[PDB]
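*Asks:* One file: my_file34.tsv (TSV, C-alpha atoms and all ligand atoms).
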```
chain	number	residue	atom	x	y	z
A	1794	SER	CA	0.03	3.77	-20.15
A	1795	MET	CA	-2.84	4.12	-17.66
A	1796	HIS	CA	-6.31	4.20	-19.16
A	1797	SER	CA	-8.33	7.24	-18.14
A	1798	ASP	CA	-10.99	4.97	-16.62
A	1799	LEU	CA	-8.53	4.24	-13.79
A	1800	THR	CA	-7.93	7.88	-12.87
A	1801	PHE	CA	-9.95	7.40	-9.67
A	1802	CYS	CA	-7.39	4.77	-8.63
A	1803	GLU	CA	-4.52	7.15	-9.39
A	1804	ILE	CA	-6.12	9.71	-7.10
A	1805	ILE	CA	-6.77	7.13	-4.38
A	1806	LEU	CA	-3.10	6.15	-4.50
A	1807	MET	CA	-2.04	9.77	-4.41
A	1808	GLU	CA	-4.23	10.36	-1.37
A	1809	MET	CA	-2.86	7.26	0.34
A	1810	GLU	CA	0.72	8.39	-0.18
A	1811	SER	CA	-0.10	11.75	1.43
A	1812	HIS	CA	-1.67	10.16	4.50
A	1813	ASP	CA	0.00	10.68	7.87
A	1814	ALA	CA	0.12	6.89	8.35
A	1815	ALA	CA	1.58	6.23	4.88
A	1816	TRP	CA	5.27	6.52	5.79
A	1817	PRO	CA	5.92	2.74	6.28
A	1818	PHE	CA	4.49	1.94	2.87
A	1819	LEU	CA	5.92	4.54	0.47
A	1820	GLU	CA	8.80	2.35	-0.78
A	1821	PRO	CA	9.61	-1.39	-0.69
A	1822	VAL	CA	10.43	-2.79	2.74
A	1823	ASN	CA	14.13	-2.02	3.10
A	1824	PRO	CA	16.65	-4.80	3.94
A	1825	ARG	CA	19.02	-2.12	5.16
A	1826	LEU	CA	16.53	-1.50	8.00
A	1827	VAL	CA	15.13	-4.96	8.82
A	1828	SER	CA	16.15	-8.57	8.23
A	1829	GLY	CA	14.14	-11.67	7.38
A	1830	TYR	CA	11.31	-9.80	5.66
A	1831	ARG	CA	11.29	-11.54	2.28
A	1832	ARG	CA	11.94	-14.81	4.11
A	1833	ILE	CA	8.34	-14.55	5.36
A	1834	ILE	CA	6.62	-12.22	2.89
A	1835	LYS	CA	6.34	-13.89	-0.52
A	1836	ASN	CA	4.86	-10.94	-2.47
A	1837	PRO	CA	6.11	-7.60	-1.16
A	1838	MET	CA	4.15	-4.53	-2.23
A	1839	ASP	CA	4.44	-0.79	-1.63
A	1840	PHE	CA	2.90	2.43	-2.86
A	1841	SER	CA	5.78	3.41	-5.18
A	1842	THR	CA	5.65	0.05	-6.95
A	1843	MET	CA	1.89	0.46	-7.35
A	1844	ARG	CA	2.34	4.02	-8.62
A	1845	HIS	CA	4.69	2.99	-11.41
A	1846	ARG	CA	2.63	-0.09	-12.32
A	1847	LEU	CA	-0.55	1.98	-12.57
A	1848	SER	CA	1.05	4.79	-14.56
A	1849	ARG	CA	2.66	2.43	-17.10
A	1850	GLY	CA	-0.58	0.53	-17.74
A	1851	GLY	CA	0.26	-2.53	-15.62
A	1852	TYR	CA	-3.22	-2.58	-14.05
A	1853	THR	CA	-5.88	-3.48	-16.57
A	1854	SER	CA	-8.64	-3.34	-13.96
A	1855	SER	CA	-9.36	-1.46	-10.77
A	1856	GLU	CA	-9.67	-4.79	-8.97
A	1857	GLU	CA	-6.00	-5.62	-9.66
A	1858	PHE	CA	-5.05	-2.22	-8.24
A	1859	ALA	CA	-7.18	-2.89	-5.16
A	1860	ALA	CA	-5.62	-6.34	-4.75
A	1861	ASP	CA	-2.14	-4.78	-4.58
A	1862	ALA	CA	-3.32	-2.22	-2.00
A	1863	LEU	CA	-4.78	-4.94	0.19
A	1864	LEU	CA	-1.51	-6.84	-0.28
A	1865	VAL	CA	0.40	-3.92	1.28
A	1866	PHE	CA	-1.83	-4.11	4.35
A	1867	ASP	CA	-2.01	-7.93	4.51
A	1868	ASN	CA	1.79	-8.17	4.40
A	1869	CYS	CA	1.94	-5.53	7.12
A	1870	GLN	CA	-0.36	-7.45	9.45
A	1871	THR	CA	1.50	-10.67	8.65
A	1872	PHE	CA	4.96	-9.43	9.62
A	1873	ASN	CA	4.35	-6.76	12.31
A	1874	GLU	CA	2.77	-6.86	15.75
A	1875	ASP	CA	-0.54	-4.99	15.94
A	1876	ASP	CA	0.78	-2.53	18.55
A	1877	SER	CA	3.98	-1.71	16.66
A	1878	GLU	CA	4.12	1.66	14.92
A	1879	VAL	CA	4.13	0.05	11.46
A	1880	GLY	CA	1.36	-2.38	12.45
A	1881	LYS	CA	-0.91	0.42	13.65
A	1882	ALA	CA	-0.10	2.38	10.50
A	1883	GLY	CA	-1.22	-0.59	8.40
A	1884	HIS	CA	-4.58	-0.77	10.16
A	1885	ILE	CA	-5.10	2.98	9.66
A	1886	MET	CA	-4.23	2.81	5.96
A	1887	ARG	CA	-6.49	-0.20	5.37
A	1888	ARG	CA	-9.43	1.73	6.85
A	1889	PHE	CA	-8.55	4.78	4.74
A	1890	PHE	CA	-8.30	2.71	1.56
A	1891	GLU	CA	-11.56	0.83	2.12
A	1892	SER	CA	-13.39	4.08	2.85
A	1893	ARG	CA	-12.02	5.65	-0.35
A	1894	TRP	CA	-12.91	2.51	-2.36
A	1895	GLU	CA	-16.47	2.34	-1.03
A	1896	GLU	CA	-17.20	5.79	-2.46
A	1897	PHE	CA	-17.10	3.94	-5.80
A	1898	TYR	CA	-18.20	0.36	-5.03
B	1	LIG	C1	8.79	-4.84	8.17
B	1	LIG	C2	7.73	-3.86	7.66
B	1	LIG	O1	6.64	-4.30	7.41
B	1	LIG	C3	8.00	-2.35	7.44
B	1	LIG	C4	7.20	-1.52	6.62
B	1	LIG	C5	5.92	-1.93	5.79
B	1	LIG	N1	7.71	-0.28	6.65
B	1	LIG	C6	8.82	-0.23	7.45
B	1	LIG	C7	9.59	1.07	7.68
B	1	LIG	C8	10.06	1.56	8.94
B	1	LIG	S1	10.80	3.00	8.74
B	1	LIG	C9	10.57	3.15	7.13
B	1	LIG	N2	11.05	4.24	6.24
B	1	LIG	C10	11.49	5.61	6.66
B	1	LIG	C11	12.91	5.93	6.13
B	1	LIG	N3	13.03	5.74	4.72
B	1	LIG	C12	12.66	4.43	4.30
B	1	LIG	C13	11.24	4.06	4.75
B	1	LIG	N4	9.90	2.02	6.61
B	1	LIG	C14	9.03	-1.53	7.96
B	1	LIG	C15	10.21	-1.97	8.98
B	1	LIG	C16	11.60	-1.33	8.48
B	1	LIG	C17	12.38	-0.99	9.84
B	1	LIG	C18	11.63	-1.50	10.87
B	1	LIG	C19	10.07	-1.60	10.30
B	2	LIG	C1	14.85	6.90	9.34
B	2	LIG	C2	14.55	5.40	9.41
B	2	LIG	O1	15.09	4.65	8.67
B	2	LIG	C3	13.57	4.89	10.48
B	2	LIG	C4	13.66	3.66	11.17
B	2	LIG	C5	14.77	2.57	10.98
B	2	LIG	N1	12.63	3.60	12.02
B	2	LIG	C6	11.85	4.73	11.92
B	2	LIG	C7	10.64	4.95	12.82
B	2	LIG	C8	9.86	3.95	13.46
B	2	LIG	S1	8.70	4.64	14.39
B	2	LIG	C9	9.05	6.19	14.10
B	2	LIG	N2	8.38	7.41	14.64
B	2	LIG	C10	7.75	7.52	16.00
B	2	LIG	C11	8.30	8.73	16.78
B	2	LIG	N3	8.21	9.97	16.08
B	2	LIG	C12	7.69	9.87	14.76
B	2	LIG	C13	8.27	8.72	13.91
B	2	LIG	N4	10.17	6.28	13.22
B	2	LIG	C14	12.46	5.57	10.96
B	2	LIG	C15	12.02	7.02	10.40
B	2	LIG	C16	10.99	7.19	9.52
B	2	LIG	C17	10.28	8.64	9.93
B	2	LIG	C18	10.36	8.71	11.30
B	2	LIG	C19	11.74	7.97	11.67
```
Can you present the structure in this file as structure tokens?
*Replies:*
Amino acid sequence: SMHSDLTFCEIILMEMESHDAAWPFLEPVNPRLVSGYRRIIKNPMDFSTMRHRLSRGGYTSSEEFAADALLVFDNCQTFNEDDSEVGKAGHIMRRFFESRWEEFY
């Protein structure tokens, strides 16, 4: 299970999931809603997957957690146009994450 030293990451993830721009990223990108995603995106990532990995002890370090968060946003800017709703959401959430992270780093 998660080590207590990573509780600040747990909270950051919780706060990201509650964000108004979080809706595209709560669950894995859904093939029922869009085609060709995993054709392009080699390592999908989403907040639910991160939440379970963190809670079960699958992140040894905060940097691995941060790498998966940045992966959510990097995938988003890879697949989506910047002026699409999901693309704009990704830019918002990246700013939110980096501002939360810099309180600690
Ligand atoms: C391709 C992509 O990068 C997406 C991300 C990170 N997210 C969502 C997305 C859009 S709508 C939504 N959801 C609300 C309903 N319940 C399931 C989740 N996710 C997408 C696409 C799926 C449809 C078109 C955009
Ligand atoms: C329900 C669903 O599977 C969706 C798909 C295929 N696409 C969008 C989608 C793309 S953009 C957008 N919104 C802009 C206008 N009003 C607020 C929400 N919803 C959704 C929902 C997720 C919550 C909102 C609808």
*Asks:* Please return as a PyMOL selection string the residues found within 7 Å of ligand LIG 2 (chain B), counting all atoms listed in the file.
*Replies:* chain A and resi 1816+1826+1878
*Asks:* Residues up to 12 Å from ligand LIG 1 (chain B), counting all atoms listed in the file: could you list those as a ChimeraX atom specification?
*Replies:* /A:1814-1834,1837-1841,1864-1875,1877-1884,1886
*Asks:* Find the residue from A:1800, A:1836, A:1811, A:1848 that sits nearest to residue A:1860; use only C-alpha atoms when measuring.
*Replies:*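 Of all the options, A:1836 lies closest to residue A:1860.
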*Asks:* Calculated over only C-alpha atoms, which of the candidates A:1802, A:1846, A:1796, A:1861 has the smallest distance to residue A:1894?
*Replies:*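 Among the listed residues, A:1802 lies closest to residue A:1894.
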*Asks:* Which residue is closest to residue A:1805? Choose from A:1859, A:1853, A:1885, A:1876 and count only C-alpha atoms.
*Replies:*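 Counting only C-alpha atoms, the residue closest to residue A:1805 is A:1859.
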*Asks:* So what do you get for atom CA of residue A:1888 versus atom CA of residue A:1851, distance-wise?
*Replies:*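 Atom CA of residue A:1851 lies 24.8 Å from atom CA of residue A:1888.
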*Asks:* What is the atom CA of residue A:1891-atom CA of residue A:1862 distance in Å, reported with one decimal?
*Replies:* 9.7 Å
*Asks:* By how many Å are atom CA of residue A:1803 and atom CA of residue A:1844 apart?
*Replies:*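 Answer for the atom CA of residue A:1803 to atom CA of residue A:1844 separation: 7.6 Å.
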*Asks:* How big is the axis-aligned box, and where does its centre sit, when it encloses all atoms of stretch 1855-1859 of chain A listed in the file and has 4 Å added on every side, reported in Å to one decimal as lines of an AutoDock Vina configuration file?
*Replies:*
```
center_x = -7.4
center_y = -3.5
center_z = -8.0
size_x = 12.6
size_y = 12.2
size_z = 13.6
```
*Asks:* Complete the atoms of stretch 1864-1886 of chain A to N, CA, C and O atoms and put them out as an mmCIF file, keeping the file's coordinate frame.
*Replies:*
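The resulting part35.cif:
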```cif
data_model
loop_
_atom_site.group_PDB
_atom_site.id
_atom_site.type_symbol
_atom_site.label_atom_id
_atom_site.label_comp_id
_atom_site.auth_asym_id
_atom_site.auth_seq_id
_atom_site.Cartn_x
_atom_site.Cartn_y
_atom_site.Cartn_z
ATOM 1 N N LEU A 1864 -2.747 -6.091 -0.506
ATOM 2 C CA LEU A 1864 -1.510 -6.840 -0.280
ATOM 3 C C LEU A 1864 -0.539 -6.059 0.598
ATOM 4 O O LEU A 1864 0.114 -6.645 1.474
ATOM 5 N N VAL A 1865 -0.408 -4.746 0.374
ATOM 6 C CA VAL A 1865 0.400 -3.920 1.280
ATOM 7 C C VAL A 1865 -0.048 -4.126 2.727
ATOM 8 O O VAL A 1865 0.772 -4.359 3.639
ATOM 9 N N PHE A 1866 -1.360 -4.039 2.960
ATOM 10 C CA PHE A 1866 -1.830 -4.110 4.350
ATOM 11 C C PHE A 1866 -1.829 -5.535 4.912
ATOM 12 O O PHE A 1866 -1.598 -5.723 6.118
ATOM 13 N N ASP A 1867 -2.049 -6.539 4.069
ATOM 14 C CA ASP A 1867 -2.010 -7.930 4.510
ATOM 15 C C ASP A 1867 -0.588 -8.338 4.880
ATOM 16 O O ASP A 1867 -0.378 -9.007 5.899
ATOM 17 N N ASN A 1868 0.389 -7.970 4.041
ATOM 18 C CA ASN A 1868 1.790 -8.170 4.400
ATOM 19 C C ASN A 1868 2.092 -7.509 5.735
ATOM 20 O O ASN A 1868 2.739 -8.103 6.608
ATOM 21 N N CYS A 1869 1.651 -6.260 5.893
ATOM 22 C CA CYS A 1869 1.940 -5.530 7.120
ATOM 23 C C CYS A 1869 1.390 -6.252 8.346
ATOM 24 O O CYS A 1869 2.086 -6.393 9.354
ATOM 25 N N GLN A 1870 0.150 -6.740 8.279
ATOM 26 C CA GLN A 1870 -0.360 -7.450 9.450
ATOM 27 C C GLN A 1870 0.248 -8.838 9.587
ATOM 28 O O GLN A 1870 0.166 -9.438 10.665
ATOM 29 N N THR A 1871 0.856 -9.370 8.527
ATOM 30 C CA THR A 1871 1.500 -10.670 8.650
ATOM 31 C C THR A 1871 2.817 -10.533 9.400
ATOM 32 O O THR A 1871 3.095 -11.329 10.296
ATOM 33 N N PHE A 1872 3.597 -9.509 9.084
ATOM 34 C CA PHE A 1872 4.960 -9.430 9.620
ATOM 35 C C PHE A 1872 5.071 -8.674 10.940
ATOM 36 O O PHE A 1872 5.977 -8.977 11.730
ATOM 37 N N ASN A 1873 4.205 -7.699 11.197
ATOM 38 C CA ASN A 1873 4.350 -6.760 12.310
ATOM 39 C C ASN A 1873 3.311 -7.027 13.388
ATOM 40 O O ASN A 1873 2.166 -7.387 13.100
ATOM 41 N N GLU A 1874 3.713 -6.824 14.640
ATOM 42 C CA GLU A 1874 2.770 -6.860 15.750
ATOM 43 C C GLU A 1874 1.771 -5.714 15.631
ATOM 44 O O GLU A 1874 2.102 -4.623 15.155
ATOM 45 N N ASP A 1875 0.544 -5.964 16.108
ATOM 46 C CA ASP A 1875 -0.540 -4.990 15.940
ATOM 47 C C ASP A 1875 -0.274 -3.696 16.702
ATOM 48 O O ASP A 1875 -0.774 -2.638 16.305
ATOM 49 N N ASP A 1876 0.498 -3.741 17.786
ATOM 50 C CA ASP A 1876 0.780 -2.530 18.550
ATOM 51 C C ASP A 1876 2.107 -1.877 18.176
ATOM 52 O O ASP A 1876 2.466 -0.865 18.781
ATOM 53 N N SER A 1877 2.828 -2.413 17.191
ATOM 54 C CA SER A 1877 3.980 -1.710 16.660
ATOM 55 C C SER A 1877 3.529 -0.496 15.852
ATOM 56 O O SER A 1877 2.386 -0.417 15.391
ATOM 57 N N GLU A 1878 4.445 0.456 15.678
ATOM 58 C CA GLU A 1878 4.120 1.660 14.920
ATOM 59 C C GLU A 1878 3.709 1.315 13.487
ATOM 60 O O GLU A 1878 2.686 1.804 12.984
ATOM 61 N N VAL A 1879 4.483 0.457 12.820
ATOM 62 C CA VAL A 1879 4.130 0.050 11.460
ATOM 63 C C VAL A 1879 2.824 -0.736 11.447
ATOM 64 O O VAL A 1879 1.998 -0.564 10.543
ATOM 65 N N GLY A 1880 2.603 -1.606 12.440
ATOM 66 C CA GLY A 1880 1.360 -2.380 12.450
ATOM 67 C C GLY A 1880 0.132 -1.489 12.577
ATOM 68 O O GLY A 1880 -0.861 -1.649 11.846
ATOM 69 N N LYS A 1881 0.193 -0.525 13.498
ATOM 70 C CA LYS A 1881 -0.910 0.420 13.650
ATOM 71 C C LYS A 1881 -1.111 1.240 12.385
ATOM 72 O O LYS A 1881 -2.259 1.480 11.958
ATOM 73 N N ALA A 1882 -0.007 1.662 11.762
ATOM 74 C CA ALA A 1882 -0.100 2.380 10.500
ATOM 75 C C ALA A 1882 -0.834 1.562 9.449
ATOM 76 O O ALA A 1882 -1.664 2.099 8.711
ATOM 77 N N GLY A 1883 -0.536 0.261 9.364
ATOM 78 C CA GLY A 1883 -1.220 -0.590 8.400
ATOM 79 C C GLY A 1883 -2.720 -0.647 8.625
ATOM 80 O O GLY A 1883 -3.506 -0.557 7.675
ATOM 81 N N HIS A 1884 -3.141 -0.790 9.887
ATOM 82 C CA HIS A 1884 -4.580 -0.770 10.160
ATOM 83 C C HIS A 1884 -5.225 0.558 9.759
ATOM 84 O O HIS A 1884 -6.320 0.584 9.153
ATOM 85 N N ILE A 1885 -4.558 1.680 10.065
ATOM 86 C CA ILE A 1885 -5.100 2.980 9.660
ATOM 87 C C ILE A 1885 -5.247 3.047 8.146
ATOM 88 O O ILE A 1885 -6.305 3.424 7.624
ATOM 89 N N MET A 1886 -4.189 2.686 7.416
ATOM 90 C CA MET A 1886 -4.230 2.810 5.960
ATOM 91 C C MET A 1886 -5.238 1.867 5.330
ATOM 92 O O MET A 1886 -5.832 2.216 4.306
#
```
